[PDB]
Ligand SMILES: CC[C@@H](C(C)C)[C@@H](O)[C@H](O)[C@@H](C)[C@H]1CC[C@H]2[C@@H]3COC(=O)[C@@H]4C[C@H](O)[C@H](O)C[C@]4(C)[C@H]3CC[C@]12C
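Only one chain comes next, encoded as structure tokens, the form solved without 28-homobrassinolide (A1JMH).
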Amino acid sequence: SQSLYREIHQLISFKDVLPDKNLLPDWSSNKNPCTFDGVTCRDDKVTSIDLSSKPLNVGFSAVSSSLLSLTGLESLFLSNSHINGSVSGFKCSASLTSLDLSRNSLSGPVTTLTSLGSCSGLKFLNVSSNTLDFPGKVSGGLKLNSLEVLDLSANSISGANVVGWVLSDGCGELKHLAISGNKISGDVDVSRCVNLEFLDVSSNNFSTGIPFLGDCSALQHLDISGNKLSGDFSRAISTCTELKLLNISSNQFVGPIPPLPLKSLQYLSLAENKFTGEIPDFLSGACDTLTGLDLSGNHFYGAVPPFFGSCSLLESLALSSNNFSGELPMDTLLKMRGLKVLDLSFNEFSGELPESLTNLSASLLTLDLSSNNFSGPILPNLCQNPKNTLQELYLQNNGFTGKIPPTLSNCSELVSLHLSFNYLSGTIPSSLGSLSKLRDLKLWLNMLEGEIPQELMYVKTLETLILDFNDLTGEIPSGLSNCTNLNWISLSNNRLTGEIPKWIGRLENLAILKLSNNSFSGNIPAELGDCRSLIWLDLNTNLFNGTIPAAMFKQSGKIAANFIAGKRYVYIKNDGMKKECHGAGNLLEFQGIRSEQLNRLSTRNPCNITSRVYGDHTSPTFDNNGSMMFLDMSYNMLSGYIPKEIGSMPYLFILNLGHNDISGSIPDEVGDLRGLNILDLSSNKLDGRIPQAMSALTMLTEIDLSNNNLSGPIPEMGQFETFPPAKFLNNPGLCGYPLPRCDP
């Protein structure tokens, strides 16, 4: 027939408009479309097309003209296909039921989608993750009353009462309405939508009424999270007898936990709200069905009540960031057969760990008891049971004493071990080398003595080793060369010795290296320049010597460094007041630790308290090009000259080379450091003129050139007049404002 002849010519005309011909190489003319990649056929007729995740780079007009008009096309999946432009009127086939145009660059007002009404059989529509918007006053309607599923999420839709617009010409067929990640406000009325099962209006701008649900006859999923909502949500959902998931998290709800529909409830989040009081006993009605609970980030208190024993289907229990107290309720927890994640972090649970915690090692994937007032030892009998399924053990920021148990090596599935901010003595057990799946070993601010275990070489998966603020001794073990995936090594404030080993260059994923306040010696290895991800090098307060090698900056302009983002951190900035406090600032790991317990550092660290504290979840700025961001090598015995390659790092914020024996002049290339905020070159033997090229630097917030033998006039252009005299003092030959006038 003509429809076969039409089908092949339409498909091939689509191929021909594509900028890249190679995307559909098997598509060709005079060949059966049912043999093509992307095509589904039933009885030798095209029924579905799937060109998802292929960079087609074509407008919607090409899709509508060629593909959506094909006779008998039932579904068209073009998610992440690099389609742009706008929807408008076209001839749509009557058989088309599903259309996925998610994750594209579609633009224009959201009223453009009304022209999809041509598709008389359209039931499923996904235009999420596009750039659609709603300019001005909201009037008319979407007029796609035949849809069972509509996903308009993660657009640029900004407006009041956009939900009434979607639902204006009826919603009797609508089963799933998702419109999250927009800036929608106003009223949400879904009372006429009597078959609605799924409602997601989350991450929006609703600060008014709770959505009115009517009889709520079919509603199983209700997500109103990430808004500014308050008021009587209890009354609004009380008729919702079928409700399985209720996520009201990240809102302004207050008071105690009110009555809920419990009989079918599986997931409940009241997290990040302003809720108060104790967990009421009426939540026992959820225990036949409750799979997940989240009461994190509220002002709850008391104990976990004993009804949770009956909640035997409960997989995750998150009671984080509240004021829960008492001993660890093991009689309740051991009865929860289903429990896989236990998150009791940022509370005031107290006493020693009960012996019966050993039993939950074989069932839990995650145990988080961080930031609590737990005392006594870590249980040596943990992971005594065979088949220990435990992946994450977070015990940081407690009052734990004694040794790190070697028997922790029996948790063979363990990916993260965080035992920081405790009072732990003894050695880091050699048996932790056995943890063959371990990525994160964080033991900082304890009293750990001994050497760093050579046997850590057997941990092939090790990504972070955070051992700051301990009483550690010996050299860096050569075994750490074997751990090739290391991206964050931090051994500061110990009594470690030896050289930075030359094999450090073999660590290709290494981003952050912090070795400050130790007795490390010898030359700075040129092999640090072989590290193709290194953005943060802090070596301050050590006994390093020799010349700064030119070769360490060879990666400048070549670094791609976007593996380390997602990890929480803290940057405690130094202020130039205390002579005992050294360095620009301590970048430190900070997952699951309260900033209020940073006062614990005071007895180990001379640097003030938290003069400038930044807690901001990591995350490097650049993409394709890249360079080192932070370079502190202060308070060592470094000699020779600063090489001219020091100015080859455009992303360098901080450069502290202070308190060394560095001679020659300040290279002119320093003016190329366009991203530089801080430049400490003080207490060296630098001589000659401050180069005029440094006047091009526009972003210096701090500078220090004092205690050198610099001469001539201070540059009058740029930022030098901003800085006080003290930053240029003890430079006998140096003159010009802020210092006195240069007289010949």
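The first residue of the shown sequence is 1; numbering continues from there.
Keep in mind the form deposited with 28-homobrassinolide (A1JMH) bound is missing from the figure; the text below concerns it.
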* Asked: Any chance residue 629 has a heavy atom within 4.5 Å of 28-homobrassinolide (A1JMH) in the deposited complex?
  -> yes
* To do: Although 28-homobrassinolide (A1JMH) is absent from this view, report whether residue 553 comes within 4.5 Å of it in the deposited complex, heavy atoms only.
  => no
* Decide whether residue 677 counts as a contact residue for 28-homobrassinolide (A1JMH) in the deposited complex under a heavy atom distance cut-off of 4.5 Å. => yes
* To do: State yes or no: in the deposited complex, is some non-hydrogen atom of residue 282 no more than 4.5 angstroms from a non-hydrogen atom of 28-homobrassinolide (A1JMH)?
  => no
* Though 28-homobrassinolide (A1JMH) is not shown, can you say which of 654, 657, 237, 171 has a heavy atom within 4.5 Å of it in the deposited complex? -> 654
* May I ask you to choose, among 307, 571, 134, 641, the residue with a heavy atom within 4.5 Å of 28-homobrassinolide (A1JMH) in the deposited complex? => 571
* Asked: Can you pick the stretch from 360-368, 616-624, 258-266, 68-76 whose heavy atoms fall within 4.5 Å of 28-homobrassinolide (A1JMH) in the deposited complex?
  -> 616-624
* Asked: If we check 28-homobrassinolide (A1JMH) in the deposited complex, which of the residues in 681-708 reach within 4.5 angstroms of it by a non-hydrogen atom?
  -> 701
